[PDB]
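*Asks:*
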Amino acid sequence: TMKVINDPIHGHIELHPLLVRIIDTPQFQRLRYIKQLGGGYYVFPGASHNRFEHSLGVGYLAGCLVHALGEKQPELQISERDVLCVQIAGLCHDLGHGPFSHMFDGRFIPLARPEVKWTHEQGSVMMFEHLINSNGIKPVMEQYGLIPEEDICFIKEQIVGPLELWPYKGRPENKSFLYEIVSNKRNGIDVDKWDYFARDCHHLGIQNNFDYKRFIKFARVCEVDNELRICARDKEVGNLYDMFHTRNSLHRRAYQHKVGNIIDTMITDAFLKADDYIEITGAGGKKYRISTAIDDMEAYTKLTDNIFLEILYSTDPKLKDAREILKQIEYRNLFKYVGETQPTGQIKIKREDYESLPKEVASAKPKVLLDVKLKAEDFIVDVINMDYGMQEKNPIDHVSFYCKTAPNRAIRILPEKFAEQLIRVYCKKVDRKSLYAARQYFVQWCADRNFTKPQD
Amino acid sequence: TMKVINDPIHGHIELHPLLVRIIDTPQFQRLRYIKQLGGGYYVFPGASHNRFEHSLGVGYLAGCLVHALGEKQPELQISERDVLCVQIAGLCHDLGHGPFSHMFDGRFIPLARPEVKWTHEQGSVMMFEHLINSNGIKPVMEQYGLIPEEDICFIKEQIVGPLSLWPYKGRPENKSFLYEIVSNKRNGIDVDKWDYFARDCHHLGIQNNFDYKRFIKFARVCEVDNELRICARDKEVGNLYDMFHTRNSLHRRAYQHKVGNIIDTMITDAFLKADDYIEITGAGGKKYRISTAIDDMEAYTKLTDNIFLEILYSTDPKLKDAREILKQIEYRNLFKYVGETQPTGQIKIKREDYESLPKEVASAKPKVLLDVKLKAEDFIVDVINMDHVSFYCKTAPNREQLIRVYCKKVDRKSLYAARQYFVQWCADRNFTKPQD
Ligand SMILES: [Ca+2]
Ligand SMILES: [Ca+2]
Ligand SMILES: [Fe+3]
Ligand SMILES: [Fe+3]
């Protein structure tokens, strides 16, 4: 038969042999050493889960959804090849994640290389191609009825989106709903977001109220404005609300934790101080930095969380400055929270301007002059985005439902409005004179940047 | 005021500032990089938890039990300092675990240094002393009412044991029940096992039936043969049997997994071929081997699961042989399972003769000659090791080894060969006939 995996969130998981061949690969097993939340592990002891089990769950849920729609609506012409293609897309959607997951692409790369526009989804596509190329997956695809020329393009489009009128080339327009499963761009609701909602809740002691298996059993494909979309049963709006609340509770209590995000900036600070002295060997023996390893998948395969311990256990004097910061984490001698603000009604801060932010705070002009002159090297500016690629909107407005009487047409038509971006400032000095001075600079920068007034 | 932890098993737990000082320590944060189940992670994806979260739970449960006894029995004179000592003891009981937990002291060390005797508890006390000294914890202990002379001895004794008559020095026999909490050496029912019963079930998807909370609630200390022992209520024996079934289920389905133990042996083998070339920095620039890092505690502090990846990501030609085996874990090209047996007598194979076992199998002469001759290196033999609880009346509140053999050759001929060797080796060691 085929492999069975006992997941603590989904139960028994059945693995097609093609999936097994993709998993038993250094590019996929790489995800065993990538913390799902990263710095959150040092705040929540149960947050020890890695990207490996998350990807296994996303592929399982993607196959469950596509198989349910096929067996419930034969008119959709869903093939078993389409089921496996969606499963692979769910398995390999997080292949491009770097050390400590969103810390790498969200903060480190913008700080070390602000000129490059890099996302972990781009790396997922590059790592997928490197995976199939380095392990002879294409003949195994042909074994199981797949056509690599268009199916691999279909998988990549499911992971990253269109590759620059129907813009997708992997599947015709009459199967547009297949592009809404692994990563939905219309509303953000997808099986990928469902897996870590349950996984993170399971690992942090927060309660999950969204029954995702109930949602799959009532998911149907329907015609909405001449477009085939995956619709929900009307009697599932209460489950939908519970899903929204569960994501906000995770954001308010875990993702935006004030100490966990500090630790993320400290790990980023150590990585930045160590970027000039670590060497990762790529294809042809070429030495790559931590920041430049994203240009070479052969080197990026060797870039996991152990570079944290490589720096911590290093004896090189060149790495001492970076080693000291990591030692500070073990002693809980963390950076000091100065304050928090928010760009309500303002244009959100972009990744390419992260590097200029601490120099902008140190350049503030407080009225009350103090005997403590602070430099930009004493300030850390943290930008926390609940979704960097999103604009303020209610997702229910982009969710379509169906009735039991009209199971092919949608319906013409308490939720917590959520902040998107939070600006936190930390100081590296620990003395009360500098710590109070940094607070003065920060409140002055909040009026200049036209951000909300800091309270405390 | 004290720090609060959100734990998936126990919920919100409060940490005394002394405990926090011990936690904020590289000697203790080392536990963040030590898989609890080791090779079991490569079979169960949810088993990503480390020893750090488990130690926190044991330190919490031990304090809960002592506090519950003191509150429910003000005659025991259990002081807040007695509570802290038990909390620290459970918090530091596993400080001596090496890479991938029990495969380091249970297989690797006996294979690399068969002459040395080493256990993770005997290393946990060394870790505790090094932890206390390197961080100046004794003054912090005193400022919270802890006297270091008696207490350090107390904490060490309820971890490793006494170092005819009452052999403990940290507490008198009047507080003997305190030594039965973190690790019981009589029947084997401690809060340590309670924590990783629920925690492992929670991460493996295995159903946990024991409720440690309702047990602790109805737990009291009674007199058994003129001695004070922890006893349970007469109607809470259903919880006791659910504990025993959860243990049996965890061993049968998780701790004794086929592929899981094969991965452990494969990781041991790569460590053995990487032992002569990996350098661990120790006390004052000195260099130790992976097998010799246990002699220096500062070198052991830097011995974690990261060794697995320094071998994997290495480019040293001397490390090529070890790097090959770790890569075969990623490609799922594992050792083939040959057979399984157990000793017929009460005698049990110790660790000083683990490396002699594969050659014994290869030295066997099967009764029928065959084509493939097998070397000792082609065999892997790992050893898997595994009613007496007091109670009280509600009215009157008082009064073994398993042997598995694997083959590194994975072809039809060599596997038939290995089975013939294994059957013959079981025959002249008087072991149970292998099930076909
Ligand atoms: Ca992703
Ligand atoms: Ca133990
Ligand atoms: Fe994901
Ligand atoms: Fe333990």
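Line by line, the protein sequences are chains D and A. Read left to right, the first sequence gives residues 114 to 277, 284 to 532, 541 to 583 (the deposited numbering). Read left to right, the second sequence gives residues 114 to 276, 283 to 505, 516 to 528, 547 to 583 (the deposited numbering). Here a beta-carbon is modelled for each residue, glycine too, at the ideal position from N, C-alpha and C.
1) If you pair each beta-carbon of the stretch 482-492 of chain D with each one of the stretch 509-520 of chain D, do three or more pairs fall below 8 Å?
2) Out of curiosity, what's the CA-to-CA distance linking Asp-558 of chain D and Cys-350 of chain D?
3) Please report the Cβ distance between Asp-314 of chain A and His-167 of chain A, rounded to the nearest whole angstrom; I am assuming they are in contact, meaning their Cβ atoms lie under 8 Å.
4) How many Å lie between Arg-372 of chain A and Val-378 of chain A at the Cα?
5) With DSSP run on the structure shown, which of helix, strand or coil describes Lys-421 of chain A?
6) Based on the DSSP output, what are the partners of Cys-554 of chain A in its beta bridges?
7) How would you list, in chain order, the residues of chain D whose beta-carbon sits under 7 Å from the beta-carbon of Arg-451 of chain A?
8) State yes or no: is the C-beta of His-125 of chain A nearer than 7 Å to some heavy atom of ligand 3?
9) Using only the alpha-carbon positions, how far apart do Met-115 of chain D and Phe-213 of chain D sit?
10) Any heavy atom of ligand 3 closer than 7 Å to the beta-carbon of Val-502 of chain A?
11) With 8 Å as the threshold, decide whether the Cβ of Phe-221 of chain A is near any Cβ in chain D.
12) Here's a check: name, in chain order, each residue in its chain whose Cβ is nearer than 6 Å to the Cβ of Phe-569 of chain D, leaving out the five neighbours to either side.
13) Can you give me the C-alpha to C-alpha distance between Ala-402 of chain A and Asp-415 of chain A, rounded to a whole angstrom?
14) Which runs of the beta strand (DSSP E) at least 3 residues long sit entirely within the stretch 138-189 of chain D? Give them in chain order.
15) Relative to chain D, which residues along the stretch 141-164 of chain A have a C-beta separation below 7 Å, given in chain order?
16) Using a Cβ-Cβ cut-off of less than 8 Å, give me the residues of the stretch 405-424 of chain A that come near chain D, in sequence order.
17) Identify every run of the beta strand (DSSP E) within the stretch 368-418 of chain A, keeping only runs that are complete inside it and at least 3 residues long; order them along the chain.
18) Going by beta carbon distance, what residues of the same chain come within less than 7 Å of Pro-275 of chain A, once the five residues before and after it are set aside?
19) Can you find a heavy atom of ligand 2 that lies under 7 Å from the Cβ of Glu-234 of chain A?
20) Could you give the distance in angstroms between the alpha-carbon of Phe-520 of chain A and the alpha-carbon of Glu-355 of chain A?
21) Report the neighbours of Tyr-432 of chain A on chain D: residues whose CB is nearer than 7 Å to its CB, in chain order.
22) Indicate the three-state DSSP secondary structure (helix, strand or coil) for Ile-191 of chain A in the structure shown.
23) Name the chain D residues that come within less than 9 Å of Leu-323 of chain A, Cβ to Cβ?
24) Between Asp-506 of chain D and ligand 3, is the CB less than 7 Å from at least one heavy atom?
25) For the beta strand (DSSP E) holding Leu-347 of chain D, just list the boundary residues, first then last.
26) When burial is assigned at 16 or more other CB atoms within 10 Å of the CB, is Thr-365 of chain D buried or exposed?
27) Quick test of your reading: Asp-383 of chain A and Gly-152 of chain A, contact by CB under 8 Å. State the CB separation rounded to the nearest angstrom.
28) With the cut-off set at 8 Å, would you say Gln-200 of chain A and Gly-183 of chain A are in Cβ contact?
29) Is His-322 of chain A near ligand 4 - that is, is its Cβ less than 7 Å away from at least one heavy atom of it?
30) Helix, strand or coil: which one does DSSP assign to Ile-126 of chain D?
31) Under 7 Å: does the beta carbon of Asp-311 of chain A sit that close to some heavy atom of ligand 2?
32) Does ligand 1 have even one heavy atom less than 7 Å from the beta-carbon of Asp-414 of chain D?
33) For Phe-578 of chain A, which beta-bridge partners are listed by DSSP?
34) Report yes or no: do three or more beta-carbon pairs, one from the stretch 302-319 of chain D and one from the stretch 140-157 of chain D, lie closer than 8 Å?
35) Beta-carbon within less than 8 Å of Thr-387 of chain D's beta-carbon, same chain only, minus the 5 sequence neighbours each way: which residues are those?
36) What are the start and end residues of the alpha helix (DSSP H) that includes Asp-311 of chain D?
*Replies:* Checking against the coordinates, here is how it stands:
1) no
2) 57 Å
3) 6 Å
4) 11 Å
5) coil
6) A:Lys-455, A:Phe-498
7) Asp-137
8) no
9) 32 Å
10) no
11) no
12) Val-457, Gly-458, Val-552
13) 7 Å
14) none
15) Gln-142, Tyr-146, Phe-157, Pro-158, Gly-159, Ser-161, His-162, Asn-163
16) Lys-421, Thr-423
17) none
18) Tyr-287
19) yes
20) 9 Å
21) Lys-421
22) coil
23) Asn-119, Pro-121
24) no
25) 346-352
26) buried
27) 4 Å
28) no
29) no
30) strand
31) yes
32) no
33) A:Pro-462
34) yes
35) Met-216, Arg-220, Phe-221, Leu-224
36) 310-323
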